[PDB]
Every structure is written in C-alpha cells, then in structure tokens.
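K.L.:
Protein sequences, first through last, are from chains A and B. Throughout the first sequence, residue numbering follows full-length UniProt numbering, covering 792 to 839 in sequence. Throughout the second sequence, residue numbering follows full-length UniProt numbering, covering 306 to 354 in sequence. Quick reminder that beta carbons are idealized off the backbone N, C-alpha and C, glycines included. First the structure, then my questions, so here it is.
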Amino acid sequence: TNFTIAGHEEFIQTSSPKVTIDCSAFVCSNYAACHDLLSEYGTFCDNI
Amino acid sequence: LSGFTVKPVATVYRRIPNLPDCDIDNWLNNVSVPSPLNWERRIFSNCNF
Ligand SMILES: *[C@@H]1O[C@H](CO)[C@@H](O[C@@H]2O[C@H](CO)[C@@H](O)[C@H](O)[C@H]2NC(C)=O)[C@H](O)[C@H]1NC(C)=O
Ligand SMILES: *[C@@H]1O[C@H](CO)[C@@H](O)[C@H](O)[C@H]1NC(C)=O
C-alpha cells in the first residue's frame, strides 16, 4: 500500500597495479662478479 | 633498458689512531713451549697488527 525508494552500492574490480621486475636490479644490485654467474642463465632472464 | 647506479666521488676511511700494537710475534716466539694436553689461549683485542 505504501512504498519508497532505496539505494544500494556495488564495487567491481576492473584493474590492477602493473609491476615490473628485472633480473639485474633484483639479483645483482651493483656487484660485477655477480653478473658473471648470471651470464649462464642468459635465457632465463627475459621470459620473466 | 637496464639499470644504473650513481658512481661514488670520494672515499671515507675512519680508524682509531694512537693505538698500541698486538705484538703477536713475541707471543709465538717464546722459550716456554706449551703441550697439546694443556694448551692455552691468548686474546688480542684493541690493538694493531
Ligand atoms: C713467555 O712466556 C712467559 C710465561 O711462561 C712470560 O712470562 C710472564 O711475563 C709476564 C709479563 O709479560 C709476567 O707478568 C708473568 O709473571 C710471567 N710469567 C712467569 C714468569 O711465569 C714471558 O713474558 C713470555 N715472553 C718472553 C719473551 O719470555
Ligand atoms: C506513506 O508513508 C509516508 C511516510 O510518512 C506518509 O507521509 C504518507 O502519507 C503515506 N501514504 C499513505 C497513502 O499511507
């Protein structure tokens, strides 16, 4: 017999922060001898 | 591209001056020779060698 209007809210996630990771800055920060052992793992640093 | 690091421009070196010597050579070269059964230990600290 008597009505009204109600209001609801909804949140839908559509995005996410885009992170970027690399081999050098994460494993061998500034050590030159560290990069020598990384040369053997040459291919396993671009697929990441 | 790859990363880079800021190259240093100087060098900081700090030590304690006017410090006596450890004189380890006098301890090893002593007339009294110990025995492997009763070996002793000497601690060298706060000195230069
Ligand atoms: C060699 O070892 C002897 C220990 O048998 C040292 O003699 C001691 O010397 C200190 C002083 O540095 C004294 O306070 C001790 O009483 C001595 N012990 C003794 C006489 O039994 C000796 O100085 C060491 N060095 C030389 C060159 O002999
Ligand atoms: C419906 O409810 C509202 C809320 O107070 C009121 O003002 C209104 O008179 C009511 N209408 C009827 C037909 O009951």
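Name the residues in the region 795-826 of chain A whose C-beta lies less than 9 Å from a C-beta of chain B; which are they?
P.N.:
Flagged, chain order: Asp813, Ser815, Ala816, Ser820, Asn821.
K.L.:
Note down, in chain order, every chain A residue with its Cβ under 7 Å from the Cβ of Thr316/B.
P.N.:
Position 11 of the second sequence, counting from 1, holds the residue named residue 316/B. By Cβ distance, chain A contributes nothing, its closest Cβ being about 16 Å from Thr316/B, past 7 Å.
K.L.:
Looking at C-beta atoms only, is the number of pairs between the region 307-324 of chain B and the region 332-343 of chain B that lie closer than 8 Å three or more?
P.N.:
With the cut-off at 8 Å, the region 307-324 of chain B and the region 332-343 of chain B do not touch.
K.L.:
Which of the three DSSP states is assigned to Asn331/B in this structure?
P.N.:
Within the second sequence, the letter at position 26 stands for residue 331/B. Three-state result, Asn331/B: helix.
K.L.:
Please state whether DSSP places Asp837/A in a helix, a strand or coil.
P.N.:
Along the first sequence, one-based indexing puts residue 837/A at 46. Of the three classes helix, strand and coil, the one that applies to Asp837/A here is coil, per DSSP.
K.L.:
List the residues of chain A whose Cβ lies closer than 7 Å to the Cβ of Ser340/B, in chain order.
P.N.:
The residue you call residue 340/B lines up with position 35 of the second sequence. The premise fails here: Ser340/B is roughly 45 Å from chain A at the closest Cβ pair, so nothing lies under 7 Å.
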